Number of protein chains: 2
Amino acid sequence: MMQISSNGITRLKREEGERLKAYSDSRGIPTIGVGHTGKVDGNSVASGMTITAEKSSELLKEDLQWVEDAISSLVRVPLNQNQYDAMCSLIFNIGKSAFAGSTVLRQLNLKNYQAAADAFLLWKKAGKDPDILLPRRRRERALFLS
Amino acid sequence: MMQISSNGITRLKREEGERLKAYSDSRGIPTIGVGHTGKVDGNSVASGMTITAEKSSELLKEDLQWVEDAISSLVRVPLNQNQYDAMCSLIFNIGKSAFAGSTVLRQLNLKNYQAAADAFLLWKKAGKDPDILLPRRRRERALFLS
Ligand SMILES: [Cl-]
Ligand SMILES: [Cl-]
Ligand SMILES: [Mg+2]
Ligand SMILES: [Sm+3]
Ligand SMILES: [Sm+3]
Ligand SMILES: [Sm+3]
């Protein structure tokens with residue numbers, strides 16, 4: 001079945017940021033790679049853990065299973081690989097419940113692909129800045145339409 | 001099985017912050033209550049949604065089930081309610097994986113309850129600030145020991 005591509009992983013890494021040495025996120029959660037909070041090689045992520053870029057990518061591919069599963073369960077129209085990779089990036093950011101209720105999903109399921117692409121641009125607010133995610137949304141939209 | 005107390009809910013709300021009007025968090029995820037990002041009454045959280053404090057408590061108890069499950073799974077020794085409530089607050093913050101690997105847990109299962117309490121104070125860093133969570137940890141430690 002369809003899964004994120006290597007291009008999709010590179011682009012997502014470059015939107016999210018990669019950190020190959022464990023750190024504490026802004027809430028206090030030990031994290032490594034691209035948002036990996038679970039174990040690595042059977043150990044809890046903790047200060048002192050390092051990983052390779054290969055490991056970071058393989059951890060991300062596994063952590064995306066909920067995203068891929070959301071696409072499979074909710075999306076009822078065909079997606080090309082660029083569309084799929086762009087959707088993975090959006091959903092990994094905004095989360096499953098936000099995606100489930102989104103205009104992106106509604107439009108895609110109507111086979112209104114251009115309108116679905118445009119509706120990425122709605123997911124632009126974070127905190128006190130109403131458009132800080134808009135550049136990322138524009139890049140994802142461009143990937144979708146590629 | 002054990003469950004969080006009313007006092008434990010009140011204290012956790014104080015630590016986390018409760019927001020009765022939907023907002024977009026620092027990452028862009030629609031959120032309401034005490035960190036609830038899932039659906040509310042069957043619908044996605046979205047701008048303009050407001051909930052009551054009692055609904056916020058209901059959603060928090062739903063969102064704490066993984067925390068209570070983690071304590072039940074991992075801790076094999078007796079806990080009084082204050083200890084339990086403090087642990088709920090720590091874990092809800094640092095996550096299950098971090099707790100599973102922690103000195104808090106290892107010490108607790110050895111029945112070194114004072115050493116477990118003091119190990120709360122290790123979970124103090126977030127982002128680039130080495131001690132930003134220390135005041136919260138001290139309050140949780142005080143609850144644990146009370
Ligand atoms: Cl692993
Ligand atoms: Cl309500
Ligand atoms: Mg799947
Ligand atoms: Sm490999
Ligand atoms: Sm898997
Ligand atoms: Sm500080």
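Per chain, numbering begins at 1; letters A, B, ... match sequence-line order.
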I want to check something: taking the side chain as every heavy atom from C-beta on, are [X] and [Y] in contact at a cut-off of under 4.5 Å?
X        : Y        : result
B:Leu145 : B:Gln114 : yes
A:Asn7   : A:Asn82  : yes
B:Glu68  : B:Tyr84  : yes
A:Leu79  : A:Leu108 : yes
A:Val34  : A:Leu59  : no
A:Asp118 : A:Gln107 : no

Are [X] and [Y] grouped together when hydrophobic residues (ILVMFWY) are joined by side-chain heavy atoms under 4.5 angstrom apart?
X        : Y        : answer
B:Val67  : B:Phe120 : yes
B:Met87  : B:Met2   : yes
A:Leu105 : A:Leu64  : yes
A:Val104 : A:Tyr113 : yes
A:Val77  : A:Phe99  : yes

Rounded to the nearest 0.5 Å, how far does [atom2] of [Y] lie from [atom1] of [X]?
X        : Y        : atom1 : atom2 : answer
B:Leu133 : B:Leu121 : CG    : CG    : 11.5 Å
A:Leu90  : A:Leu12  : CG    : CG    : 11.0 Å
A:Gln65  : A:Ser72  : CD    : OG    : 11.0 Å
A:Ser97  : B:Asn43  : OG    : CG    : 11.0 Å
A:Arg19  : A:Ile32  : CZ    : CD1   : 10.0 Å
A:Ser57  : A:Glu18  : OG    : CD    : 6.5 Å

side-chain hydrogen bond (donor to acceptor under 3.5 Å, both in side chains) test vs A:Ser89 passes for just one of A:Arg14, A:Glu140, A:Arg11, A:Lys13, namely A:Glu140

Backbone N/O of [Y] and side chain of [X]: donor-acceptor pair under 3.5 Å:
X        : Y        : result
A:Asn93  : B:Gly28  : no
A:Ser73  : A:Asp69  : yes
B:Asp25  : B:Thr31  : no
A:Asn80  : A:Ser146 : no
A:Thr10  : A:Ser6   : yes
A:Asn109 : A:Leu74  : yes
B:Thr50  : B:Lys21  : no
A:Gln81  : A:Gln3   : yes

Could you check whether B:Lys55 pairs with B:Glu58 (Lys NZ or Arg NE/NH1/NH2 to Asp/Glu carboxylate O, under 4.0 Å)?
yes

Return the minimal non-hydrogen interatomic distance between [X] and [Y], and the atom names on each side.
X        : Y        : value
B:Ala117 : B:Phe144 : CB-CD2, 3.5 Å
B:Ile4   : B:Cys88  : CD1-CB, 4.0 Å
A:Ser56  : A:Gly33  : OG-CA, 3.4 Å
A:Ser5   : A:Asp85  : OG-OD2, 2.6 Å
B:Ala46  : B:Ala22  : O-CB, 3.3 Å
A:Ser26  : B:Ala126 : O-CB, 3.7 Å

Derivation and outcome, salt bridge (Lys or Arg N to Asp or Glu O under 4.0 Å), residues B:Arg27 and A:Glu16
CA-CA 10 Å; B:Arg27 293 172 188 183; A:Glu16 291 286 331; over 6 Å; no

With a 6.0 Å cut-off (strictly less than), is the heavy-atom count around CD1 of B:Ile132, excluding the residue itself, greater than 12?
no

Should the heavy atoms of other residues, nucleotides or ligands under 6.0 Å from NZ of B:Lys39 be counted, would the total exceed 12?
yes

As a test of understanding, state which of B:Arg139, B:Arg137, B:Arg138 forms a salt bridge (charged side-chain N to carboxylate O under 4.0 Å, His left out) with B:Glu15.
B:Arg139

Test side chain to side chain contact (heavy atoms under 4.5 Å, CB included) applied to A:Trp123 and A:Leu134, A:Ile91, A:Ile94, the passing residue:
A:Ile94

Applying side chain to side chain contact (heavy atoms under 4.5 Å, CB included), run through B:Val45 and B:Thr37 and close with a yes or a no.
CA-CA 7 Å; B:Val45 173; B:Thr37 63; over 6 Å; no

